[PDB]
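Tertiary structure, described
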Amino acid sequence: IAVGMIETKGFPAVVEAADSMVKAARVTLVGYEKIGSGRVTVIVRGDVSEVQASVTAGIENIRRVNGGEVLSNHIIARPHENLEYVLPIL
Amino acid sequence: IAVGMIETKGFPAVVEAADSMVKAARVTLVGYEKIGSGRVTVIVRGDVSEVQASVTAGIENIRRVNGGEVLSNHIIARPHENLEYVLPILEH
Amino acid sequence: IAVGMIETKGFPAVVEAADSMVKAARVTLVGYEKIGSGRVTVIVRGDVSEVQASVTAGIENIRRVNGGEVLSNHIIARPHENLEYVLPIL
Amino acid sequence: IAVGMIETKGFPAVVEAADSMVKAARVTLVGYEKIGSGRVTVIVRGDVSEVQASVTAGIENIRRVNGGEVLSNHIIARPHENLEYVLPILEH
Amino acid sequence: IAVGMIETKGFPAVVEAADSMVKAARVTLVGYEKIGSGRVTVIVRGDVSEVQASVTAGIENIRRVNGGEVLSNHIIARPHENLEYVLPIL
Amino acid sequence: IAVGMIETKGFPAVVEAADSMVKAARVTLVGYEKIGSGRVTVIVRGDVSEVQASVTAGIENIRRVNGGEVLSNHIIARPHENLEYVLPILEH
């Protein structure tokens, strides 16, 4: 039920973030959010330990990306149920 | 009928803001608004006291966020009814 | 029939602009316009003297906003009827 | 069949532009176009002489606008028909 | 079957680009693409020699535009058929 | 099942990228993605060898483009299935 997010400047980087994330750990990819300014976020759910593993992987592997830039990242272990239908984290 | 808002630059931050807000106090998260340029606002309604507690929590918990940035925040204790049907400050 | 507009960088500020506007004077709020770049405008109609009162209030009260920034503001006392259905001022 | 355009950075300015244009001369306001980055263009059609009078008025009246800024302006006296169905320069 | 494109910062300039393009040569205007950041592209098709003529005209005439700014331009003489329905070049 | 992407600042560049990619090798152009700020990505799928040949060609041919700029590029040889239904990397 944890949520993990990686926000990049650039689309290719966000794809590699996503790929690496789902490969590293037992997490599933649920979201891809654009907010303009080149800022795109990919979002996964899973056990916190796994989501935690997945996010670490994504951040590491983005430096493999020519032009890759990570803007922010975050994990929430136990997100409130109210978030599930306001925010595209589902 | 109070309204609280936190505007961040970055999406993960806005999610923490939201999570923190609804956890800290008895308030309902009613929305999330993009206006471009990375700027996204998370919005809650509740008793002023609870909204004030939600906003304070969200602001202080965003500093935990790697790459998190808070651009603005605001509370209106008693917003005018006119605002509800022009501005996205009732449930989306 | 006057039109008053306040444009801010930031959404919360635009809400406070709106709130203050409708509270100060006999004006009604009709519009909220986004043009990107963080630029959002709120728009009211009413008697010029009131719209005038309302805009003054909104500009004053935005400094109460943590992160508040006013970009522009304007009043038109007697807007042409052609504007009403091209521009979201209605 | 002339076309006149004024592009501003800021929405209130574009409204003044439009107001000024249709007041100064015998022209019709046919649209308003956003392309991002605050950039919004107001567009009119009319006789070249009237369009030229509209645009001049709009530009000079925007300096009245607090925070107003004009980014570009242009007139085409006799625009090619091809433009009408690719570019938003007939009534929106 | 050639494709010619002119990208400006600003809308009025893109209109003058378009106008000049279709006037200079035997080319037809097919596209107007926005990608944000003020960046708008107009797109024509025609014989390469004509498209070539049309693009030269558009670039020259944009300096007539108060506030005119050309960001990029390009011609492809013989674009792959796969481009026609992925990209708004048709 | 490899994926190749080229992200440009500017639309004409992205068209050259695409043209170059599908011409250089046996790959299919599956999309074009805007994320704002001028940033547009062109995306192909194919055998890794062909995708690698497509991307190299596109990058080197964009330097021909007047005003062309490449912001990022990337290839994933064996992308995870999960990506296909969250990210726009199957045909648009």
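The residue numbering used throughout counts from 1 along each chain in the order its sequence is written. It may not match the entry numbering, and residues with no coordinates are not shown. Here chains are named by letter from A upward and ligands by number from 1 upward, in the order in which they appear as written. Hydrogens are left out, water is left out, and the side-chain values use all remaining heavy atoms of the structure.

Method of determination, as given in the entry header: X-ray crystallography; reported resolution: 1.60 Å.

For chain B, the name recorded in the PDB entry is Carbon dioxide-concentrating mechanism protein CcmK homolog 1, with Synechocystis sp. PCC 6803 substr. Kazusa as its organism. UniProt positions are given in the numbering used here, feature names are shortened, and annotations may be inferred rather than shown by experiment. The Subcellular location comment attached to chain B in UniProt states, word for word, "Carboxysome". Looking at the Sequence similarities heading of the UniProt record, one finds this comment for chain B: "Belongs to the bacterial microcompartments protein family. CcmK subfamily."

The name given to chain A in the PDB entry is Carbon dioxide-concentrating mechanism protein CcmK homolog 1, with the source organism recorded as Synechocystis sp. PCC 6803 substr. Kazusa. Here chain A is described in UniProt, under the heading Subcellular location, as follows: "Carboxysome". You can read under Sequence similarities in the UniProt record for chain A the words "Belongs to the bacterial microcompartments protein family. CcmK subfamily."

**A few points about the overall build of chain A**
Strands here mean DSSP runs of E at least two residues long; helices mean DSSP runs of H or I at least four residues long; both are numbered from the N terminus. Counting its regular elements, chain A contains two helices and four strands. Its C-alpha atoms give chain A a radius of gyration of 12 Å, within 12% of the compact-globule value 12 Å for 90 residues. Seen through its C-alpha atoms, chain A measures out along the principal axes to roughly 35 × 25 × 15 Å. Only protein chains enter the accessibility calculation, which uses a 1.4 Å probe; a residue is then buried when its area is under 20% of its type maximum, exposed when over 50%, and partly exposed in between. For chain A, with 90 residues in total, the buried portion stands at 60%. In what follows, residue pairs with any heavy atoms lying within 4.5 Å of each other are defined as contacts. Within chain A, counting contacts between residues at least 6 apart in sequence, those at least 24 apart form 69% of the total. Note on areas: Shrake-Rupley, 1.4 Å probe, and residue coverage restricted to the protein chains presented here. Just so you have it, chain A exposes about 3300 Å², and 46% of that area is on carbon and sulfur atoms. Charged side chains of chain A number 9 positive and 10 negative; the gap between the two group centres comes to 4 Å. Note on method: radius of gyration uses C-alpha positions; expected globular size equals 2.2 Å times residues raised to 0.38. A residue counts as positive if it is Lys or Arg and as negative if it is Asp or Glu; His and the chain ends are not included. The atom standing in for a charge is NZ when the residue is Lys, CZ when it is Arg, CG when it is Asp and CD when it is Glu.

**Thoughts on the UniProt feature "domain: BMC" in chain A**
This chain's UniProt record puts "domain: BMC" on residues 2-88 of chain A. Between the first and last C-alpha atoms of residues 2-88 of chain A the distance is 14 Å; the span itself is 32% helix and 36% strand.

**Re the UniProt feature "domain: BMC" in chain B**
In the numbering used here, UniProt assigns the feature "domain: BMC" to residues 2-88 of chain B. The annotated region residues 2-88 of chain B carries 33% helix and 36% strand content, and the separation between its end C-alpha atoms amounts to 14 Å.

**Observations regarding the sheet that holds strand β4 (residues 70-76) of chain B**
The pairing of strands in a sheet comes from backbone hydrogen bonds and takes either a parallel or an antiparallel form. Residue and element names in this part refer to chain B. When DSSP finds two or more bridges between a pair of strands, those strands are recorded as paired. A sheet is described by the order of its strands in space; here four strands give the open sequence β2-β3-β1-β4, paired in antiparallel fashion. Edge positions in the sheet fall to β2 (27-34) and β4, since each of these pairs with one other strand and no more. The sheet shows a mean angle of 15 degrees between the axes of neighbouring strands, taken without regard to direction. Direction of pairing for β2 relative to strand β3 (residues 39-46): antiparallel, over a ladder of seven bridges. Directly across from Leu29, in β3, lies its bridge partner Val44. Axis definition: a line fit to C-alpha positions, over the contact stretch in the case of helices; interaxial angles, taken between N-to-C directions, run 0 to 180 degrees.

**Considerations on the interface of chain F and chain A**
You'll often see interface size given as the accessible area lost when the parts meet. Taken together, the contact between chain F and chain A spans 24 residues of the former and 27 residues of the latter. Throughout, the accessible surface (probe 1.4 Å) given up by two parts as they are put together, summed over both, is called the buried area. Between chain F and chain A, roughly 1900 Å² of surface is buried when both sides are summed, and carbon and sulfur atoms account for 66% of that area. Salt-bridge detection follows one rule: a side-chain nitrogen of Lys or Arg within 4 Å of a carboxyl oxygen of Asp or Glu. Applying the counting criterion to the chain F and chain A interface returns one salt bridge. Among the ionic pairs, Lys34(A) bridges to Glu33(F), the shortest N-O distance being 2.8 Å. Contacts described as polar in this section are N or O atom pairs within 3.5 Å, which, within protein, must combine one atom able to donate a hydrogen with one able to accept it, while residues neighboring in sequence count only if both atoms come from side chains. Counting across the interface, chain F meets chain A through 10 residue pairs in polar contact. Top element by residues in the side of chain F that touches chain A is strand β4 (residues 70-76) of chain F. It accounts for five residues. Within the side of chain F that touches chain A, the residues separate by chemical class into 11 nonpolar, eight polar and five charged. In this count, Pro and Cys sit with the nonpolar residues alongside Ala, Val, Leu, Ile, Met, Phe, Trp and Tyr, while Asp, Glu, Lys and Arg are called charged and the others, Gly among them, polar.

**Remarks on the interface of chain A and chain B**
Taken together, the 24 residues of chain A in the interface contact 22 residues of chain B. One can count one salt bridge joining chain A with chain B. A salt bridge links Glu33(A) to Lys34(B); the shortest N-O distance between them is 2.6 Å. Summed over the shared surface of chain A and chain B, the number is 10 residue pairs in polar contact. Put simply, the parts of the chain that give the side of chain A that touches chain B at least two residues each are β1 (2-9), β2 (27-34), β3 (39-46) and β4 (70-76) of chain A. No other element matches β4(A), which puts five residues into the side of chain A that touches chain B.

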